[PDB]
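Remarks on the structure that follows.
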Amino acid sequence: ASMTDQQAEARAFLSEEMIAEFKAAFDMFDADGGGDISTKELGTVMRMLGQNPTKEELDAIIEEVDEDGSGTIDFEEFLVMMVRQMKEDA
Ligand SMILES: [Ca+2]
Ligand SMILES: [Ca+2]
């Protein structure tokens, strides 16, 4: 019954103690209660760096990490992102 191997793999790698470390910084990113992020809400935290983004450019940014269809970035997708680099060296 292995169809969603994508995120299923990141869940087994990251325990409850490690998942908690991201729990705090997860709601920070969203800022809409803490359930699922978006392309607009995300653009805000990204700006903190020191640049000037746009609505059109943000939709391409997520287009990278959004190979599902939903369009949002729920807790059951953010963990798959960070996990990708964790693998070996990346
Ligand atoms: Ca939201
Ligand atoms: Ca998604």
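Order determines the names: the first chain of the structure tokens is A, the second B, and so forth; residues in each chain are numbered 1 upward, and ligands are numbered 1 upward as they are shown.
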
List all protein, DNA and RNA residues that have any atom at most 9 Å from ligand 2, counting only C-alpha atoms and all ligand atoms, and write the list as a list in words.
residues 38, 62, 63, 65, 66, 67, 68, 69, 70, 71, 72, 73, 74, 76, 77 and 78 of chain A

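Taking only C-alpha atoms and all ligand atoms into account, the residues that come within 7 Å of ligand 1 are residues 30, 31, 32, 33, 34, 35, 36, 37, 38 and 41 of chain A.
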
What lies within 12 Å of residue 87 (chain A) using only C-alpha atoms, ignoring chain neighbours under 3 positions off, as a short mmCIF file (atom, residue, chain, number, x, y, z; two decimals) with N, CA and C atoms, in the first residue's frame?
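selection-v5.cif was written with the following content:
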```
data_model
loop_
_atom_site.label_atom_id
_atom_site.label_comp_id
_atom_site.auth_asym_id
_atom_site.auth_seq_id
_atom_site.Cartn_x
_atom_site.Cartn_y
_atom_site.Cartn_z
N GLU A 9 8.04 8.87 3.30
CA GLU A 9 9.47 8.59 3.60
C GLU A 9 9.99 9.62 4.64
N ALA A 10 9.57 10.89 4.49
CA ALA A 10 10.02 12.00 5.36
C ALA A 10 9.41 11.86 6.79
N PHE A 13 11.46 9.20 8.84
CA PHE A 13 12.83 9.72 9.10
C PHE A 13 12.78 10.72 10.28
N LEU A 14 11.74 11.58 10.29
CA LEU A 14 11.57 12.65 11.31
C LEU A 14 10.60 12.12 12.40
N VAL A 80 8.71 17.15 3.74
CA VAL A 80 9.24 16.43 2.55
C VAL A 80 10.37 17.30 1.93
N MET A 81 10.17 18.64 1.94
CA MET A 81 11.14 19.61 1.38
C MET A 81 12.49 19.45 2.13
N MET A 82 12.49 19.75 3.44
CA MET A 82 13.72 19.76 4.27
C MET A 82 14.39 18.36 4.22
N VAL A 83 13.56 17.30 4.14
CA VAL A 83 14.03 15.89 4.19
C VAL A 83 14.87 15.62 2.92
N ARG A 84 14.45 16.21 1.78
CA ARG A 84 15.08 15.98 0.45
C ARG A 84 16.61 16.22 0.59
N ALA A 90 23.09 15.51 -0.80
CA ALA A 90 22.15 16.31 -1.63
C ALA A 90 22.93 17.44 -2.33
#
```

Run DSSP on the backbone of this structure and report the residues of chain A it assigns to alpha helix (DSSP H), as a PyMOL selection string.
chain A and resi 5-13+16-30+39-47+55-64+75-86

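Contact shell of residue 40 (chain A) at 9 Å (only C-alpha atoms; same-chain neighbours under 5 positions omitted): residues 55, 58 and 59 of chain A.
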
Requested write-out: N, CA, C and O atoms of the selected residues, as an mmCIF file, in the first residue's frame:
```
data_model
loop_
_atom_site.group_PDB
_atom_site.id
_atom_site.type_symbol
_atom_site.label_atom_id
_atom_site.label_comp_id
_atom_site.auth_asym_id
_atom_site.auth_seq_id
_atom_site.Cartn_x
_atom_site.Cartn_y
_atom_site.Cartn_z
ATOM 1 N N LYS A 55 3.932 38.778 -7.068
ATOM 2 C CA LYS A 55 2.875 37.741 -6.930
ATOM 3 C C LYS A 55 3.156 36.625 -7.972
ATOM 4 O O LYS A 55 3.040 35.432 -7.668
ATOM 5 N N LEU A 58 6.213 34.382 -7.159
ATOM 6 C CA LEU A 58 5.976 33.537 -5.958
ATOM 7 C C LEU A 58 5.312 32.205 -6.402
ATOM 8 O O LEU A 58 5.551 31.151 -5.801
ATOM 9 N N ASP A 59 4.463 32.281 -7.443
ATOM 10 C CA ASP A 59 3.671 31.123 -7.938
ATOM 11 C C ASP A 59 4.639 30.091 -8.578
ATOM 12 O O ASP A 59 4.373 28.882 -8.559
#
```

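The two atoms in question, CA of residue 86 (chain A) and CA of residue 19 (chain A), are spaced 14.0 Å apart.
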
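Picture a line from CA of residue 27 (chain A) to CA of residue 50 (chain A); it runs 21.5 Å.
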
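Note that CA of residue 25 (chain A) and CA of residue 11 (chain A) are 17.7 Å apart.
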